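Here we start with a single chain on its own, the form deposited without the named molecule, put down as structure tokens.
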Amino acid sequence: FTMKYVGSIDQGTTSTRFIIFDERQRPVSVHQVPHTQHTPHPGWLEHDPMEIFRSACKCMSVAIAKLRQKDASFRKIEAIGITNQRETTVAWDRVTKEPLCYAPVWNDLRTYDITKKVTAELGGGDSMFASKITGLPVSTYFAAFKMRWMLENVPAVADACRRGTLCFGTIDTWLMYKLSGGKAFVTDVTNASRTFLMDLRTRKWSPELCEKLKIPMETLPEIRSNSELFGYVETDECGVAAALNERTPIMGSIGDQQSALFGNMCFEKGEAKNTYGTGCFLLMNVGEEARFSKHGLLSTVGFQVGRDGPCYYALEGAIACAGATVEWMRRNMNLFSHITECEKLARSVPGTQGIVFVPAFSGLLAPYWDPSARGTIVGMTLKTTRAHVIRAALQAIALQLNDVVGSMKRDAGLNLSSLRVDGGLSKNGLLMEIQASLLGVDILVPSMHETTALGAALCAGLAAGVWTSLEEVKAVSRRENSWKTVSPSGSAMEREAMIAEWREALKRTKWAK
């Protein structure tokens, strides 16, 4: 009788937006609000959690209102899913319902000294002492250190903790907390797997990790799946409750990168997504047993649909950003003006004719690891032109992705089914070909590219009955938002020549000391 709509709040590193998705998985209304990136000292990043919570509410309320206008037939949101930046941590008080201090970003480096102290005191020297428990190396990224830090260097936080009134939260939790007026204090599994305090395999807070890091468990929220009731939105900031005009439940909460995996329909062992965002990540779905890395990839929770639903695990590798190289080529080097020029200039030549470009601008962080590596170009002749370099560029981007997928294949004990690209510089026709060829697989490019926000909408849609199964969901995608599939089309021969070059060229990149 009536159309169905599901809302996704997408809380990113530098902004927030609310996309309302159609029953046919169409983004039909959006609104973005940026938030200040506070940098008190070089290397520090903080976010005003109250600014963020107002952003979300505004985005929500503008977006609803816009639609009430261009679409009759839209009377309400069935359910709201939240997808958010991961490992930013928030500290707030059960009674004030106000944050104690700004929250440090996954980026933020303030935890450096706490990081080194843990590897030495608790790891015996070994940064990986807890990786079989968490899937994570000791690092400045993960929540628990940001938590330690705030208990260590913030008077309000330490007192609250001591008084018994402290809540630590990831952005999903903070958002569900405020959005619900304070009733909901919950976290989804993809997020909690980024705190350093969950047993990866059991998916419960680790008491042996909580006590060693003296993080009290009454400060932590209730771990839940990605899809199910988390609480209701009933707050009036910015008119939101009124806008919903209808008792809307939050039924979905999932980490961004994992949200991209999920909205790109990577439901099976083998499938992978490669997002280009503020960070660059490759996630591969490894199935129901958690696989652990040998080559410095993270082990994480892919997704989990329903409290007693199955939990699919993931390996995550941070690949260096493609756009970076294409940007520098253009901004710093003036190799092409700008725009589509990059692809046409690359397409305009057969191949690279001998040269390799390793864009190791800050070392190499793939399975190959060195910070001693610097951006290098080798094998140029007087015949070499900006055309070849820009190609070498694409090729090397494509090639880096392969080395990571290389490791991921080994640890996971499986072969890449396909790879989905999000369609950013993935607008790049040639890179797609270079990459599909190289990896031995169907590279997938979707026509509806709001895939991150979608992950969380699909999580909510499922919990609420907008869509009934991962089967139904994937049918609709193909019926409605037709993917474009790009086939491998090179020759086994050439593929190994491009890899040998690429490896022979990596033996040239060490310059830093």
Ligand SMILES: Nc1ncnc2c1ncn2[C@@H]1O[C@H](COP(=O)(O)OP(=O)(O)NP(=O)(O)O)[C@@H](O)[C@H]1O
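Take the two forms, superpose them, and find the largest set of C-alpha atoms that agree within 1.5 Å; that set is the rigid core. One rule holds for the numbers: they count along the sequence shown, beginning at 1.
If you look for the form solved in complex with the named molecule, you will not find it shown, but the lines that follow are about it.
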{"property": "Pocket open vs blocked [the named molecule transferred in the deposited complex by site C-alpha superposition; 2.4 Å, backbone or C-beta, 3 atoms]", "result": "blocked"}
{"property": "The named molecule in the deposited complex reached by all of 268, 306 and 310, non-hydrogen atom within 4.5 Å", "result": "no"}
{"property": "Position in contact with the named molecule when the complex is considered in the deposited complex, options 237, 327, 411, 93, heavy atoms within 4.5 Å", "result": "327"}
{"property": "Selected contact from 275, 248, 352, 225, since only one has a non-hydrogen atom within 4.5 angstroms of the named molecule in the deposited complex", "result": "275"}
{"property": "4.5 Å heavy atom contact, residue 339 and the named molecule in the deposited complex", "result": "yes"}
{"property": "Contact label in the deposited complex: residue 428 to the named molecule, heavy atom within 4.5 Å", "result": "yes"}
{"property": "Residue 123 within 4.5 Å of the named molecule in the deposited complex, heavy atoms", "result": "no"}
{"property": "Residue 423, heavy atom within 4.5 angstroms of the named molecule in the deposited complex", "result": "yes"}
{"property": "One stretch from 434-442, 96-104, 318-326, 213-221 that, in the deposited complex, holds residues within 4.5 Å of the named molecule by heavy atom", "result": "318-326"}
{"property": "Which one of 337, 245, 415, 96, by Cα shift of 2 Å or more between this form and the one not shown, core superposed", "result": "337"}
{"property": "Residue 131: Cα shift of 2 Å or greater between this form and the one not shown (core-aligned)", "result": "no"}
{"property": "Post core alignment: residue 278 C-alpha displaced by 2 Å or more between this form and the one not shown", "result": "yes"}
{"property": "Cα-Cα trend for residue 98 and residue 278, given that in the deposited complex the distance shifts by 3 Å or more", "result": "farther"}
